[PDB]
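Taking the form deposited in one PDB entry, here's one chain by itself in structure tokens.
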């Protein structure tokens, strides 16, 4: 089994849905996903979770006190704390394979301006902490990135991307709107099909992701 805790100020957005890969995983008892409203650990009347940044700048920064109290209750020393952020280490397929063997992931969802850095620094004295980016784009907060990470990881768990791009794929019918499936794919010749698909893959990779083959992007 695996336990995933997600902490967010948008709990409804992160509520697991039965008809989904994570929903299936949950139902098969392979993972338990629990979502927590960050505001549960506030004490003030207007349940404030953020404040203006020291040093100036646009936006707000999430308060360390509230996150501190939440992670105190949810995490143990065995927890792998995941914090989505544009500023993080890259989250890759390798990362997904690695986290697929973890007993307990806690995903801290915060606005992109950041959670006060002292939260992650403090947590790091007790547990493993991974600040990660799923890609080079900005979201308002970590929530969508958490859903991506959960998807990528849960499909790898026992019971539930190489280094090239997969080429085009086809299915029936063999002709459609005047466009024909590549005759080699209909030929039954596994060796020539494998050769064709290898070529297509390399051709697609050169065009769309030349960086994967060690060329200028």
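Residue numbers count along the first chain shown, from 1. Whichever C-alpha set is largest while still superposing within 1.5 Å between the two forms counts as the rigid core.
Annotation: residue 27 belongs to the positions left without coordinates in at least a third of the other compared entries, with flanking residues modelled.
Checked against the other entries of this protein, residue 70 counts as resolved in every one of those spanning it, not missing from a third of them.
Missing coordinates between residue 160 and residue 161 amount to 10 or more residues of the deposited sequence.
In this crystal structure, the stretch out of 150-158 and 25-33 whose C-alpha atoms carry the higher mean B factor is 25-33.
Comparing the deposited coordinates for 189-197 and 6-14, the stretch with the larger average C-alpha B-factor is 189-197. The entry lists C-alpha B-factors for 64, 168, 57, 173, and the highest of these is at 57. Placement of the Cα temperature factor of residue 102 within the chain: middle third of the modelled residues, per the deposited record.
Annotation for residue 204: C-alpha temperature factor in the middle third relative to the rest of the modelled chain, per the entry. Per the deposited record, the Cα B-factor of residue 85 falls in the lowest third when ranked against the other modelled residues of its chain. Residue 76: CA B factor in the highest third of modelled residues in this chain (values from the PDB entry).
We do not show the form deposited in another entry, though everything after this point is about it.
With the two forms fitted on their core, the C-alpha shifts between the shown form and the other one stay under 2 Å for all of 28, 184, 34, 148 except 28.
Residue 16 shows a C-alpha shift of 2 Å or greater between the shown form and the other one [criterion: core-superposed Cα displacement of 2 Å]. A change of 3 Å or more separates the two forms for residue 22 and residue 105: their C-alpha atoms lie farther apart in the other entry.
With a change of no less than 3 Å, the CA-CA distance between residue 12 and residue 19 is smaller in the other entry than in the form shown.
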